[PDB]
Each structure stands twice: as C-alpha cells, then as structure tokens.
C-alpha cells in the first residue's frame, strides 16, 4: 500500500514531452500484433485502428497494438493514481468501502462535466467534498487555501487536513481494467481455431443451455463456450446470437471473444465470469462484506446494462438474478443470450404454448404473450427485490396460480426488511400495471445515482432497522 508517484506531485507540465503516453493498466497480449505493456510504462502512439478502440504503440520492449483506454497522455490528470475520472458518488462509496484511514480519490461528474469532488475514507465512513473553482480558476475545498492545479490541491491536503475530516494519504486502487471488446485491433477478426479450445465441464448444471467452461490454450485463459445442439438445427437462432454479440459493447454485458462458425460444431466464445450467477452469490456471500453499499453498486451496474440495451432497441425477457454474472471486485454483467431486436416503439409476441418464469413476468406477458423493454423493466423490479433480500424466492407464501390474480387487484410484494423506502418505491414504479406507466431504464439508472446524495444508503438502512 504505497503512493509511488507522491514525490512528483508538485512537478511541472514542461518536464515531459507533451506527445508521449503512459500505461494506466497492465495489458497482456491478446493477438499476435498486440503489445504487452505494464502500468506506469511510457509509450509513443503512432495511430489508431478502424474504430479508435485500439492504438499502435512503441515502448522499449517493442511495437504493437494496445487498448486505447488503457493508456493516457503523460500530462493528463488520468495518470494520477488518485484521479478516478467519471465515478459516481455511490460508486465512490464502493471504491472506498474498505481501506485504511486517508484512502481517497478525486472524481468528476459525467453528468455535469468539470465539477469534481474528493471522496475520503475515515473511521469506517466516506466523506464527499465539492472542489470549488474561483473566479480566476483556482481550485479549493477551504476558501482560504486555493491552488492553480488539482495536483497542488491534493498535495496541500496530504500535508494538512485543513477543512477535510482528515488528510489525503493513499490513492484508492482503481476498480479494474476497462473492458476490451474483443482480442484484436483488426476488422472483424472473430473466427478462431476450434482446436485452440479445451472444452471442460458444463456450466450452471445446464440451466444456460450448452455452455461449458473452457480454456483458450494459447493464452492460458479460462473462457465460457456455448455450443449448438446438433439434434435440432436451430442454427439460424444460434448464428443470430453470435452476430448480435459482435455488436454488443458495454462494461456490464458479457463480452464476446470469438466464434467458430466456419463449420460444425458451432461455437460462441466469451469471457469467463469467475463467480457464477448473482443469485447463488447473494445466497452464499458474507453479508458484512457484501453490505448495502455493494448491493446498490451491483443494482446500478445492472441498470446500466439494461439502459444500453434499451437505447440499442433490444429486449431481454429473461432478466433475473440467476441470469446475472459476478466477476472480480463485485463487477456484475447481465447474460446477453436470447436478445431480440425490437424498435422501442413496438412490441414482441412469443409463441403460443411457450412457458414463462411466472414470478418475473409482467401482466401483459402472462396474459397476451407480449413483451417489450417495459416488461424487462417489470422484471428488473423483481430482480431488485432479489438483491434487497439477498436471494430470497419472489412472492413468498403465494402459489403461481394466484400471482396474476393478486397482481390484478394491485397486490405487490412487501418492502424487504431494512430496504430504504426510496428503493422500494422504485420497485413499485417498475411494477406499474400499465407498461407505459413504468419508468425507462435511463430513468432507473439516474434514479440510483441521485438516490443517496446526502447520506449513505448504509445510514438509511440503519434507520429502517433501528
């Protein structure tokens, strides 16, 4: 736990050549023309690939391609271990939910660009401070101590609290490397060699279909692999999923790594989420580690994924805790299998005779087999309840044959124990009988970010209990 570049905090912009870059995270080659780099390493950028997601760089070790958002200009604020860029208040509380006194970070508002804040951990609590800008541009927390640069402001408060609850001692660790959408900087290079993959045991006892844990030998990398059942040539369906996946690009949607569609058996290879589904995780987790701050963190990540699908005109229809996957640092990703393209202004009709997981299905879906992004919203509300109860089964003490009847009389699940009223009201909004009366995912995600801007969800939970 050290602050390496601390003795350089007060160094000038003019001491490094402007056009150079520095590595923000370690990157291990994922393709023959890709280049391995180490955090803190300097590089020279030669150019970008077709979508700007990758760039060709030169380091002392060689020349090659690396993820564009894995590096940053030498004089940018991003090089600082304590500048976490656009991070929300709640996310900040998560990043600082552990660590020694003095752990801190500086965050910006994606919402209101320019506005920055300092989040600090002291005696088990996180404190937030607005960084003000003077009429002449100087930054400050305490009106009597203004500085020209953010680094100088940070340096000052690492020497004396002067307004903060305590001093700035240790930049909080970054969550994790951003997601790389693929393994190659080149144009549509998804196809890979089937022999390069070692198939192992099936995942989730078959509840996800033909999905096996596997190993991409070349990179000593564990991956998930979905294969097509030959006993039923639904090839068109499977192939469609591969195509859709190639287009999906979001931090919280399971990422495609490659495919084997040249000849049978067809494969769809994705990243491996190491901790299984959110439902099992919630039920087996240590509730002291996975407290309210974490639940909110996870619920927020899931809404972000759905907001992305919402604007991309896709519907899910199987949104539930069991269809969410957990990775390192409580990272959650929604399983994007079975996605359907449906223009927001339009609805989908399932095949008569097809069964539905009743407890998560919206009224219009249970009665007319109709689905839309709004029925996904209804499902999210149920999933939110699963999160708030740490995995309980929905509608306790009620038989599936009465669910619809009860819903129709405006009955709804009770507020989970300790669940803050604000969160329960969001659930109720998702469970509005008319789909149009239900909030959009864009509105749901925003609701979470502005839900605890004054106190912490922990204190709220504390009041709901005692």
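Numbering follows the first chain given and starts at 1.
Of the two segments, 101-109 and 301-309, the one listed with the higher mean B-factor is 101-109 (C-alpha atoms only).
Relative to one another, 310-318 and 197-205 have unequal mean CA B-factors, and 197-205 is the one with the higher figure. Across 364, 152, 271, 289, the greatest Cα temperature factor reported in the deposited entry is at 289. In this entry, the residue among 280, 346, 386, 376 with the greatest C-alpha B factor is 346. Looking at the C-alpha B-factors along this chain, the one for residue 46 belongs to the middle third. Annotation for residue 356: CA B-factor lies in the highest third of the chain's modelled residues. When the CA B factors of the chain's modelled residues are split into thirds, the value for residue 400 lands in the highest one. Split the chain's modelled residues into thirds by C-alpha temperature factor. Residue 434 is in the lowest one. Per-chain ranking of the deposited C-alpha B factor places residue 410 in the lowest third.
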